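Novice: my sequence and its experimental structure, below.
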Number of protein chains: 2
Amino acid sequence: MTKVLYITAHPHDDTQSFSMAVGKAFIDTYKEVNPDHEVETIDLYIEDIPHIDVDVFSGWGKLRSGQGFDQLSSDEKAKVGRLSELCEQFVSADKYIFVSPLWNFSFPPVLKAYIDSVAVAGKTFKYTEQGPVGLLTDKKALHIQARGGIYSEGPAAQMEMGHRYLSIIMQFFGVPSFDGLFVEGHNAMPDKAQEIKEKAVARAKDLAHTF
Amino acid sequence: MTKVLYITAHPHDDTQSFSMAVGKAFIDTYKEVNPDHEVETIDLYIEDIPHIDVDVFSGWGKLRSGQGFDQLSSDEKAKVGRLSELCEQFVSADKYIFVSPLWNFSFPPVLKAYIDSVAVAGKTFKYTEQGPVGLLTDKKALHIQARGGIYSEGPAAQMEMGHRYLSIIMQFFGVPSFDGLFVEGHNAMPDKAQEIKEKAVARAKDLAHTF
Ligand SMILES: Cc1cc2nc3c(=O)[nH]c(=O)nc-3n(C[C@H](O)[C@H](O)[C@H](O)COP(=O)(O)O)c2cc1C
Ligand SMILES: Cc1cc2nc3c(=O)[nH]c(=O)nc-3n(C[C@H](O)[C@H](O)[C@H](O)COP(=O)(O)O)c2cc1C
């Protein structure tokens, strides 16, 4: 019962989103190709992602569940249960789709908050003799990212940090397959915006046949 | 005067914060050395950092102005005001000190929100024929970061993304000088903790004599 998690990190504004257009093309084609697959959406601007406070983690990837947990308010226990829920939904899926805009060489803050919620020891990684090892050894992931300028080549490619960070987390979680699909340069060459968008949508449709 | 911004990204009620300990030691010595200098604090867990709404920008770094501003919602007009306040405060300063914990190879989400607030065209960068170029050519920066693991050498150094990102942003804003001051390993060596903290505190008082 292949399950796919469509994770969007985009506010619900008037301005047209290139990343959400490519994402929509990808995910609509994917379901037409794979009608039996379950696709679950997590819209990070609609869902509540808890803030990390002193109380929710006892250390790196260690959800509070000891004597300090029992000393928590029902509010703080509810926060720990929500992080548990976010993480469980993440580990339960076979495939991950991230959709994001490039903001100041990275992604919206709430995608970091989401990563912080699902990075849990015994769930996405474990502590070994040789250090942290990922558990998600049979998953695959895709990032659909829109960028105003060109980041796939030239001096700018070294400044990209959003896809680069997601690549580091997927490595850390031991995800063996991480695809990038980029719609870029439409703010640098607005005369070519519709051609750039159409080309990325076609690429998205192609990837939806093999993902 | 010389104006120093002390920017902290740490949840409150942590009665064992390594980054804030070293931060304390660096800034307390700095004020004693330089009692004439104005030090302004921005605690990102006290102040409100607006959520980006793409509708308040006309392009990367460009806050809506004139008719574009006049057609906004009341909430949107207030956000532009707050972003312009945060950006003005950042530009006003001669020196920047960032204090953060390493969370999942990066920093708390609110520090991304703060960068998104101060990356403004005409203030921290400008466009030219070649695209964006930094405006902050006169200024100096330091990152005080706590890591529960070693990231200054080995294969792990290549997974570190929080200091690496701040380094890209300082470079983008044209800040010619960016130092890191790290407290690392106290989690890999719980008994060495009190020792590692004192070494870093030492190094902090040291740098505060010259910065
Ligand atoms: C807050 C903000 C930050 C941005 N930062 C960048 C940037 O770092 N580099 C760039 O080339 N374009 C930047 N842009 C332009 C966007 O990457 C571009 O508009 C992209 O299409 C955003 O994705 P979306 O269309 O899905 O919203 C920025 C835009 C905004 C609103
Ligand atoms: C949410 C969270 C994420 C963390 N992620 C990492 C990590 O990626 N690598 C690491 O070596 N330690 C990690 N740690 C351990 C912290 O970096 C370590 O506790 C550090 O001292 C935090 O700074 P502070 O002491 O000022 O709170 C993490 C801890 C927390 C609570």
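Specialist: That came through fine. Residues are numbered from 1 along each chain as shown, chains lettered A, B, ... in the order given. Ligands and ions are numbered 1, 2, ... in the order given.
Novice: get me the contact residues on chain A for ligand 2.
Specialist: A:52, A:57, A:60, A:116 (C-beta under 6 Å from any ligand atom). Backbone N, C-alpha and C define where each C-beta goes, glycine included.
Novice: mind doing that once more with 5 Å?
Specialist: Residues of chain A that fall close to ligand 2, judged by C-beta under 5 Å from any ligand atom: A:57, A:60.
Novice: and the helices in chain A?
Specialist: With DSSP state H applied, chain A shows helices at A:18-33, A:67-70, A:74-92, A:109-118, A:162-172, A:193-208, listed in chain order.
Novice: how about the nearest residue to the spatially most central residue of chain A, chain neighbours excluded?
Specialist: With distances taken as C-alpha atoms, centre = their mean, residue A:98 lies nearest the centre of chain A, 3.7 Å away. What sits nearest to residue A:98 in space, not counting adjacent residues and going by C-beta to C-beta, 6 or more residues apart in numbering or on different chains, is residue A:143, at 4.5 Å.
Novice: with residue A:181 instead?
Specialist: Of all residues apart from its sequence neighbours, residue A:144 sits closest to residue A:181 (C-beta to C-beta, 6+ apart), at 4.9 Å.
Novice: hey, which of the helices of chain A is tucked in deepest?
Specialist: Comparing the helices of chain A by mean neighbour count (mean count of other C-beta atoms under 10 Å in any protein chain shown), helix A:109-118 comes out on top with a mean of 23.
Novice: what about that helix and chain B, any contact?
Specialist: Yes: residues of helix A:109-118 contacting chain B under C-beta under 8 Å from any C-beta of the partner chain: A:109-110, A:112-113, A:115-116.
Novice: and what of stretch A:66-79?
Specialist: No: counting by C-beta under 8 Å from any C-beta, chain B has no neighbours in stretch A:66-79; the shortest distance is 11.5 Å.
Novice: next one: that stretch to chain centre, how far?
Specialist: Taking C-alpha atoms, centre = their mean, to the nearest Å, one finds the center of stretch A:66-79 at 28 Å from the center of the full chain.
Novice: swap in stretch A:55-64?
Specialist: Using C-alpha atoms, centre = their mean, the offset of stretch A:55-64 from its chain centre is 21 Å.
Novice: closest residue of chain A to ligand 2?
Specialist: Nearest residue of chain A to ligand 2, counting by C-beta to the nearest ligand atom: residue A:60, 3.6 Å away.
Novice: so that residue versus chain B, what's the distance?
Specialist: 6 Å (C-beta to the nearest C-beta, to the nearest Å).
Novice: just give the number of residues close to that residue.
Specialist: Number of residues near residue A:60 (other C-beta atoms under 10 Å in any protein chain shown) recorded here: 17.
Novice: one step back: nearest to ligand 1 among the residues of helix A:109-118 next to chain B?
Specialist: Out of the residues of helix A:109-118 next to chain B, the one with the shortest distance to ligand 1 is residue A:109. That distance is 10.9 Å, counting by C-beta to the nearest ligand atom.
Novice: what's near enough to touch the closest one?
Specialist: The neighbours of residue A:109, taking C-beta atoms under 8 Å, 6 or more residues apart in numbering or on different chains as the test, are B:109-110, B:112-113, B:116.
Novice: want to throw those into TSV with distance to residue A:7?
Specialist: Putting these into TSV (distance: C-beta to C-beta, whole Å) gives the following:
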residue	distance to residue A:7
B:109	15
B:110	20
B:112	17
B:113	19
B:116	20
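Novice: dump the residues you listed to CSV, plus distance to ligand 1.
Specialist: As requested, the contacts of residue A:109 are exported to CSV (distance: C-beta to the nearest ligand atom, whole Å):
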residue, distance to ligand 1
B:109, 15
B:110, 15
B:112, 11
B:113, 10
B:116, 5
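Novice: contacts only, for residue A:7.
Specialist: A:42, A:44, A:96-99, A:111, A:114.
Novice: once you drop chain neighbours, what's closest to residue A:14?
Specialist: Going by C-beta to C-beta, 6+ apart, residue A:14 has residue B:55 as its nearest residue, at 4.9 Å.
Novice: how many neighbouring residues does that neighbour have?
Specialist: Using other C-beta under 10 Å: residue B:55 sits among 17 other residues.
Novice: the one 4 residues further on too?
Specialist: Here the number of neighbours of residue B:59 (other C-beta under 10 Å) works out to 11.
Novice: what's the answer for residue A:130, then?
Specialist: Residue A:130: 6 neighbours (other C-beta under 10 Å).
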